[PDB]
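See below for the structure under consideration.
Each chain gets a letter, A, B and so on, in the order the sequences are listed, and its residues count up from 1. Just follow the structure's listing: the first ligand is 1, and inside any ligand the first atom is 1.
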Amino acid sequence: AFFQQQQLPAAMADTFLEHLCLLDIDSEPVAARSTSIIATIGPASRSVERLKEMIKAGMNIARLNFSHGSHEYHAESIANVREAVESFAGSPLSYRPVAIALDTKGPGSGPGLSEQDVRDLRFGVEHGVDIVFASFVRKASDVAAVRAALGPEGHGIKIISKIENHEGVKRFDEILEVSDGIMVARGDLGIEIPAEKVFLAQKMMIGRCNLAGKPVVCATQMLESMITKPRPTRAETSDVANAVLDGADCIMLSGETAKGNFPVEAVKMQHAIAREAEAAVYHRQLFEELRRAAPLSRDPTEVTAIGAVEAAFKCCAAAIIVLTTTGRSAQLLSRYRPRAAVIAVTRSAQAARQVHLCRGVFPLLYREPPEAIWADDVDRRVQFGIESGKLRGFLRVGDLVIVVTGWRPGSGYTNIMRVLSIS
Amino acid sequence: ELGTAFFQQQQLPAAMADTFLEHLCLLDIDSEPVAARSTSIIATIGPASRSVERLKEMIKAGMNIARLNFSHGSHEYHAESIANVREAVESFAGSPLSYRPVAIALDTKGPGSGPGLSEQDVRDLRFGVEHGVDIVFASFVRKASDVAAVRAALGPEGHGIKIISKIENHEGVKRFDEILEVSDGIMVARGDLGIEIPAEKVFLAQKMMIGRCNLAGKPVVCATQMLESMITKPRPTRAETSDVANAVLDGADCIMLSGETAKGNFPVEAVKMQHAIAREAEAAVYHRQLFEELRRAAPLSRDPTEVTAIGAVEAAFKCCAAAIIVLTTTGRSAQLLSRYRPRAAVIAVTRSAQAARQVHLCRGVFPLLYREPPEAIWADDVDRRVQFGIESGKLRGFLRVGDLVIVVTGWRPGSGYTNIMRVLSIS
Amino acid sequence: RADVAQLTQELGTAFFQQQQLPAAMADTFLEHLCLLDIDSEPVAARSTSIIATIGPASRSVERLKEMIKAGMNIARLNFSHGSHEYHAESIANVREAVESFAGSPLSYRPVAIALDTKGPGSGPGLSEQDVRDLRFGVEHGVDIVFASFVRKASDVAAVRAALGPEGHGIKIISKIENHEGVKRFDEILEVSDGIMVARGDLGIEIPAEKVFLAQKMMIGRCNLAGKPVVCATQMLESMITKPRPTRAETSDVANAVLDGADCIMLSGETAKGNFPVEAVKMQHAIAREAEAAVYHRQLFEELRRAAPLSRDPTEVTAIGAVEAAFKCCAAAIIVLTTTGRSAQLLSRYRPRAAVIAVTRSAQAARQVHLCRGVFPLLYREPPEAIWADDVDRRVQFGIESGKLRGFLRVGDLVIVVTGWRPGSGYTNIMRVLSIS
Amino acid sequence: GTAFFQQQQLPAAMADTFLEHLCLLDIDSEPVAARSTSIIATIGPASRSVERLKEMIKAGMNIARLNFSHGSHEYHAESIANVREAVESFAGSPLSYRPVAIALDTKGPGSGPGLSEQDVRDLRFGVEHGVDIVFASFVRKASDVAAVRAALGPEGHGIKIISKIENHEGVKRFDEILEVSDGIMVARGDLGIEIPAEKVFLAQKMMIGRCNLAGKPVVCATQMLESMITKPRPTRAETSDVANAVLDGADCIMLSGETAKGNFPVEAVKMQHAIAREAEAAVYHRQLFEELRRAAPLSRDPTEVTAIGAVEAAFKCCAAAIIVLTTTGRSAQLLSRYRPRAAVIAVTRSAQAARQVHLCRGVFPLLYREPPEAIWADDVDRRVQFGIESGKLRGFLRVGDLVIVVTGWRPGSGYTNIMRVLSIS
Ligand SMILES: O=S(=O)(c1ccc(O)c(O)c1)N1CCN(S(=O)(=O)c2ccc(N3CCCCC3)c3nonc23)CC1
Ligand SMILES: O=S(=O)(c1ccc(O)c(O)c1)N1CCN(S(=O)(=O)c2ccc(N3CCCCC3)c3nonc23)CC1
Ligand SMILES: O=P(O)(O)OC[C@H]1O[C@](O)(COP(=O)(O)O)[C@@H](O)[C@@H]1O
Ligand SMILES: O=P(O)(O)OC[C@H]1O[C@](O)(COP(=O)(O)O)[C@@H](O)[C@@H]1O
Ligand SMILES: O=P(O)(O)OC[C@H]1O[C@](O)(COP(=O)(O)O)[C@@H](O)[C@@H]1O
Ligand SMILES: O=P(O)(O)OC[C@H]1O[C@](O)(COP(=O)(O)O)[C@@H](O)[C@@H]1O
Ligand SMILES: O=C([O-])C(=O)[O-]
Ligand SMILES: O=C([O-])C(=O)[O-]
Ligand SMILES: O=C([O-])C(=O)[O-]
Ligand SMILES: O=C([O-])C(=O)[O-]
Ligand SMILES: [K+]
Ligand SMILES: [K+]
Ligand SMILES: [K+]
Ligand SMILES: [K+]
Ligand SMILES: [Mg+2]
Ligand SMILES: [Mg+2]
Ligand SMILES: [Mg+2]
Ligand SMILES: [Mg+2]
């Protein structure tokens, strides 16, 4: 029964053609949904009660579109999101962190960072946003300007550069090099370049981000018809599935959740499609290619990450449990696209929110009492991941897990991988 | 010899990549497609696309197959649609640069939950034979016996009509292998399939069926809601263009338009959009792995047509042949070349008007109907048809003097004897 | 180039010119051959063990010391010739030469002692002389038995029974010497610890032009099973009388290593020849060159694709450690082992990094010479009060010995493989350590 | 039939990985195909007898090597005459006649910087006596090849120059040497003295790989069956060396003292023949063809384009043979570079080209003696039928087999462009 579920016959195929031939509509997905859902907050999704339904449906990142609404409007949206998120904090083994992303208005006709963007970025730092989706990034200096406007207090905010025009596509490599990740902003991109070429830019950018090990978001009109209709079109479900098969870390909803009549249903639909698409991923070729393309490294976190993903595939590990302060150890595991869920146990609430940008990372916020012996504290965070995993359905007694830790406290010292039997 | 400009176009840097990941990384929005569009466009005929003048615009935009939906309209209504299509097609018989064969496909109403073929389908199928349709899109095919019933309804005079089985429910998906074995091809009928099975599972059924059809070397059509928003809007959504591109990258031989052309406000624009996306997607196909996998998966064969076809596709890739010119009576030799997905266009020269229309079901086949009177000496009749294919190729933009072409012929007249592959320099 | 650019900038272009590294990074086997370079010097320690047959030319304690320094890892006693008294003296001389270096772990070299049986002769089962010789082996503490003319699984069970309860730890390497042994190979390998491709008798039992097929098939199946395989007989035959081998002989040694053999053997070359030490030096020189020429990219990928999924944590840790070692060009994989099994499971994935196996078992230290790339270190310190400190001291012992022996340098990365509790069977930890 | 797929290591050939291919190698799987690696036998006191040479041709000798390091011009002229007499004794039966090449192996430069004066005299002797190939000793650079070419003069333009790589400089300057040479000999005797003995296998494997990539013949030479000079059976290292030279990709294997001065010249040839057939069946064509295909550059030459199409077609149907018409041997050489499992039966009217194509693995030359037919299409058909009739007589073909037929569109060399699939009747 285990080998009939999650497209395992198609996963064992020796060629991609045979993999497609073995895809089965009766093979049910078992693993947790890896691709994060970004939902744009607006009139249709602003209430605390509606936001609780969206968190339960699968929303991982709340997007604030600063093209519309005042600072007072967005502060209320943030407070409502935080209230809905913290309503589930009473059960720590099942609490789901939710990131808050600020999407900038953009430069418009201006040459650099607009004055409104400087004010909105400052607002973001003051309100503790986790991510910035920087509109119309055309070159590396645009990213440096966004970074500078965040100041010394916004050092930890992730900058996701939105590629929306020909210049952004042509200067992609220099933009990705200085950014934390990319958003394929298909709405403007589809007007700036011929509509029939957007798929080439999406597939290229996702590929280059996967190669770089940096998050990539597929955005705009994924389930457009769901703004007025309860069910999407056949092109829309195919688009969501293909963004996941392309290698996107995140999928987004704009009008579908901000102003549409079915915001919760749009989130449920993206969740349902993503789980199906993630099981249909051809890991045999994907891992081989990612593994071959990733350069040789003398960084112990990078070295441990490859060893752990290889070990997870060898035993069909249910999960890779990793201790992370900044999210980096979980991100380095995520770049190899393991089938095993990457359960990231962290004390940082911000890192827990931000790792939703990395596919297959399931953040757990550690709020249990400290142990006096560092080694004892480490084993406690590990047993915590195992209890949250059992509660959420990721793990069962008898499963094997790969545990990734470091040799001393503080970020940057991950160097250990262990094979553990559950219970 | 070819120049650096040649190797910058049609995603050639991405095509030479050693891995699929590197292939994606090398895809370039500035790399323009050069080759002719190889995925056929099926357009549904209705009130928005019925007039002779509108049909001429649709043929110019790229329509290769006209679909008659027998779920609506009388026999008199469909006969008029057929006559209007034929009039619009024959209006280009003058200029060889613009003349193009257009297939006529009859889409059946269906069993509507009843045993065997419905009485209306028996009558509509008989209408199709009497009006000389080329293809039948058989609705709600659930098992092999459904195909045999459609085949028996094509009566004594319609055995040459191609049966494309529409897979629209769970049973059709589960019994796919037995259905494909007795069918000429398949249509992934996503509209009903999306209601019959969970909407989030349709992509698995589409990708599986396209894969199995590619492995079998039989045509597969991707259908329904590809550019749905274009029924009321002049431009499609980002999901819609992505869907068209992904159906081509999946391996579909044909893409379809339904309400977009039958009843919408922009039928010609919907055809133009599918044409534009398909050309872009066909250049982005990763032929290196696709050919290797089709080669490895295809069983060994002692059929000389199958053996010649793989030799010719290999020869075309080796020299970047501008085209593979094949002589075919039934379309079979062109279909066997098409199954290996050559980048080179397959120019199929035939005396059969029906085979010329039907080969639009096979990706990359460009049919040329040959009407010259036969030569007393057979080898001369063959050379005249090879030169007809070269001159139409030169006229249409495929070929130039100095290009290399692969020519596929047989050792004796009649169907079933293809066994020769020649490398020719265009003079 | 982009997959090695930062590491090339860090380690230098000279590092990537040595040990056939340009040929190792090739994307195809054809390109790998095209990039093989006679100027690319081997850097790694020799990983294929040399088995030298002991005889009149290699019996003195002084000669045996020169053979240990030349590279002999396993001493073979051919029980087809000589009395029990003769073999006991050979064993004592080997042990005396081996223990003459036991003053420091960075100079000590464990040497296994293998007993090669006379065989069944015309008989259907175990001979009475073999029963006596096998009991002699147990009484004299031999590490391995090379069982002659193994034709089926019951032959190996008979050898195992004749070793008795005290010889349970002795490794049985079945010699395949005829058509029946080749046809029943799978059942023989299943019950044996390893195989010897006994080419001398095999070349008489089957057509001489078919021996290479049997050698390549058996080596492949042993590599797939993760069990040791020895290539034997006439590898450097002409060196019995000549100081230099023929062009076919050096090619044979290189090709046995490229085929995947864990061990290579010398018979008359060391037992009776005029150049026993030179024959060992020649096999050492060829094996080092051939090991660097191995196409690890395809070999590792194929060992992973062929190896079935495993729920054994030792097996899971071993593949993770080998993957980590390739990622950083680790100088070594240091493993703690009681029976040698954790080191054997690392060895089956054919890492380029040396597997330094730290053990308290003197017998396991001798027996792991059967596994390609395993460098045994015998730990002699008494156990620490805290188990977690005892483990750490053993790892530091492997690092300090590795530094003093040239395997490791300051700045190198090493992969360390340990377990969660004492006793055999609990390896489950892999650590990436920087050498300071 | 099931029996067909049990022979010639077909289970091992269908394997998905090289490791599984090795695991499936079967000593009971008998080779069926004709031996495709040519055997070069060195002529000497043990192999000059016209009667002994007839036995060596029957055993499998394809190329007779004259070592100009020993013997006078008078001695070598007699060698040539004896070889030609033994070869032409079988000309009475054209369907089974085997052409045999004559190769002149030069003495070399010695302490000199360039072409020695003795080599100039020996080279002119070769042109005057109609040798087919020159094995040029101690080639260190491209100018050495140009000097050998110049010493052959205007009448020796058709002679093939195989450069012998015997030292470190030849290995370092390999690419420039191969570019101007027709092929290479891995001259292991001197190479094993010039560089460390333990490095020769790296130079052999590299050179064979580069020659295979270039589509040019490569010869593995020296001490392959050395012990057979005095013993009736070779050592285990010797049979392994022959098998591994074939698995490496060598087009030719050589015998020196084994046939020139030993006591078992015919048995040494029979042993190389037996080992080569076994090793050729054990070749992992799945990866080999894929890699040769991927590495070979795109081509606009119709002979090259036809050759790859014909090799692909031959693999698709398990063709027993690829029958090619060739004037210079080039069309057959271009088929050979893709290492088809199907025998390449080359029909030619050029006696020299028939002898020289023995340098290309898997090329079986047939000398066609009939004067041209008036109708060119009938002349082409008669040659193809001669290849079929020869192939049936020699065991290459049977009724029911499929064969790939490679021809051109007009007479003369350089116009091959047609591939056809033919059923044997
Ligand atoms: O060559 S294909 O286009 C073909 C399509 C139809 C066929 O029937 C077929 O045989 C051949 N094919 C396309 C799908 N992929 S895939 O395995 O799904 C895959 C998909 C995506 C990959 N990354 C790397 C690039 C960034 C995103 C993640 C991958 N990395 O490695 N493999 C990958 C195989 C290759
Ligand atoms: O990767 S390997 O070293 C390995 C893999 C797992 C093993 O278990 C093993 O022992 C070793 N391996 C070594 C043998 N070859 S091979 O298939 O015999 C072969 C042999 C030779 C090839 N050319 C290129 C060089 C000139 C001659 C033709 C070839 N081109 O493509 N394949 C080729 C596969 C690759
Ligand atoms: O992924 P990051 O940010 O580098 O954090 C990983 C760090 O977490 C740990 O596992 C635990 O460290 P702390 O006890 O400081 O939380 C470290 O050993 C390791 O360096
Ligand atoms: O693709 P099909 O239907 O088998 O037709 C291919 C046939 O066409 C030809 O090339 C030409 O035949 P005709 O002269 O009868 O048209 C035949 O030699 C070959 O058998
Ligand atoms: O390779 P083996 O034979 O399983 O031995 C590995 C064992 O060695 C250890 O690393 C150390 O164990 P000891 O304290 O008994 O020496 C164990 O944790 C592990 O189980
Ligand atoms: O391999 P080569 O030397 O190019 O010779 C091939 C030539 O042989 C032929 O097949 C037959 O030519 P001939 O009639 O002159 O022998 C030509 O059509 C072709 O050009
Ligand atoms: O800004 C965006 O999100 C877009 O343009 O798609
Ligand atoms: O009938 C159709 O075309 C469908 O259901 O999509
Ligand atoms: O016994 C042996 O070692 C042999 O026969 O090779
Ligand atoms: O010259 C040769 O043949 C050699 O040196 O091997
Ligand atoms: K915005
Ligand atoms: K219908
Ligand atoms: K013995
Ligand atoms: K010479
Ligand atoms: Mg925008
Ligand atoms: Mg329908
Ligand atoms: Mg023996
Ligand atoms: Mg020499």
Side-chain angles (χ1 to χ4, degrees), chain A residues 418-419, chain C residues 53 78-80 116-121 146-150 169 174-178 181 196-205 232-234 247 265 267 312-315 317-318 334-347 355 357-361 363-365 367-368 371 374 379 381 383-384 386-395 398 416-431, chain D residues 42 67-69 105-110 135-139 164-167 170 185-194 221-223 236 254 256:
Chain A
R418 290 185 277 128
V419 180
Chain C
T53 300
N78 188 0
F79 274 57
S80 283
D116 191 308
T117 70
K118 194 172 194 167
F146 292 146
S148 296
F149 265 86
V150 172
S174 294
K175 296 171 57 178
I176 302 297
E177 325 202 47
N178 65 2
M196 180 194 294
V197 183
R199 299 187 309 176
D201 282 299
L202 193 58
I204 303 162
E205 296 290 328
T233 312
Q234 297 174 6
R247 310 300 181 274
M265 197 165 100
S267 296
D312 172 39
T314 307
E315 185 84 56
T317 304
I334 296 174
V335 59
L336 265 56
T337 189
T338 298
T339 67
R341 189 167 162 268
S342 297
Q344 175 169 0
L345 299 184
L346 285 159
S347 172
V355 174
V358 181
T359 189
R360 273 195 179 96
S361 174
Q363 182 160 82
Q367 296 170 335
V368 294
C371 303
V374 185
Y379 194 69
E381 292 295 300
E384 288 284 314
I386 303 176
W387 182 71
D389 294 340
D390 190 42
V391 165
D392 289 335
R393 271 199 83 193
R394 271 179 298 179
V395 170
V416 182
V417 174
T418 60
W420 62 276
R421 61 148 283 186
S424 196
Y426 304 102
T427 293
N428 74 320
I429 308 177
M430 188 274 292
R431 291 185 278 129
Chain D
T42 300
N67 188 356
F68 274 57
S69 285
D105 189 308
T106 69
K107 195 173 193 167
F135 291 147
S137 294
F138 266 86
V139 173
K164 297 170 57 178
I165 302 299
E166 325 202 45
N167 66 1
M185 179 193 296
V186 183
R188 299 186 310 172
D190 284 298
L191 193 58
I193 302 163
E194 295 290 328
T222 309
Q223 297 176 7
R236 306 309 178 278
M254 197 165 100
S256 296

Quiz item: Among C/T427, C/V358, C/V335, which residue places a heavy atom closest to atom 6 (C) of ligand 5?
Solution: C/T427
Exercise. Could you tell me which non-hydrogen atom of C/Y379 sits nearest to which non-hydrogen atom of C/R393, and how far apart they are?
Key: OH-CB, 3.5 Å
Quiz prompt | Flag, side chain of A/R418 to backbone of C/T317, donor-acceptor distance under 3.5 Å | solution = no
Quiz item: Taking all non-hydrogen atoms of both residues, which atom of D/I193 and which atom of C/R247 are closest, and how far apart?
Solution: CG1-NH2, 3.8 Å
Exercise. List every atom of ligand 5 that sits less than 4.0 Å from any heavy atom of C/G423, numbering the atoms from 1 in the order shown and giving each element.
Key: 7 (C), 12 (O), 13 (P), 15 (O), 17 (C), 19 (C), 20 (O)
Quiz prompt | C/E177: its N/O/S atom lying closest to the Mg ion (ligand 17) (atom name) | solution = OE1
Practice problem: Scan C/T314, C/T359, C/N428, C/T427 and name whichever one has a side-chain hydrogen bond (donor to acceptor under 3.5 Å, both in side chains) with C/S342. | Solution: C/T427
Quiz item: Which distance, rounded to the nearest 0.5 Å, do you find between the CG of C/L345 and the SG of C/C371?
Solution: 9.0 Å
Self-check item: Side chain, backbone, both or neither: C/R394 near ligand 5, heavy atoms under 4.0 Å
Solution: side chain
Practice problem: Could you find the nearest protein heavy atom to atom 8 (O) of ligand 5 and give me its residue, atom name and distance? | Solution: C/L336 O, 3.8 Å
Quiz item: Which of the listed options, C/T418, C/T314, C/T338, holds the heavy atom that is closest to atom 5 (O) of ligand 5?
Solution: C/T338
Practice problem: Please confirm whether C/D390 comes within less than 3.5 Å of ligand 5 when only nitrogen or oxygen atoms on both sides are compared. | Solution: no
Quiz prompt | For atom 14 (O) of ligand 5, closest protein heavy-atom neighbour | solution = C/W387 NE1, 2.7 Å
Self-check item: Contact atoms of ligand 5, heavy-atom distance to C/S342 under 4.0 Å
Solution: 1 (O), 2 (P), 4 (O), 6 (C)
Exercise. Write the atom name of the N, O or S atom in C/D201 that is nearest the Mg ion (ligand 17).
Key: OD2
Quiz item: Under 4.0 Å from any heavy atom of C/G419, which atoms of ligand 5 are there?
Solution: 10 (O), 18 (O)
Self-check item: Shortest non-hydrogen contact between D/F138 and D/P109, atoms and distance
Solution: CB-CD, 3.6 Å
Quiz item: Which atoms of ligand 5 sit under 4.0 Å from any heavy atom of C/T339?
Solution: 2 (P), 3 (O)
Practice problem: Note the single closest protein heavy atom to atom 18 (O) of ligand 5, along with its residue, its atom name and the distance in Å. | Solution: C/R421 O, 2.8 Å
Quiz item: When rounded to the nearest 0.5 angstrom, what is the spacing between CG in C/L336 and OG1 in C/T418?
Solution: 6.5 Å
Self-check item: From D/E166 atom CD to D/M185 atom CE, the distance as rounded to the nearest 0.5 Å
Solution: 8.0 Å
Exercise. Return yes or no for this condition: an N or O of C/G425 is under 3.5 Å from an N or O of ligand 5.
Key: yes
Quiz item: Going through the distances and angles, do C/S148 and C/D116 end up as a side chain to side chain donor-acceptor pair (under 3.5 Å)?
Solution: CA-CA 7 Å; C/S148 296; C/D116 191 308; 3.2 Å; yes
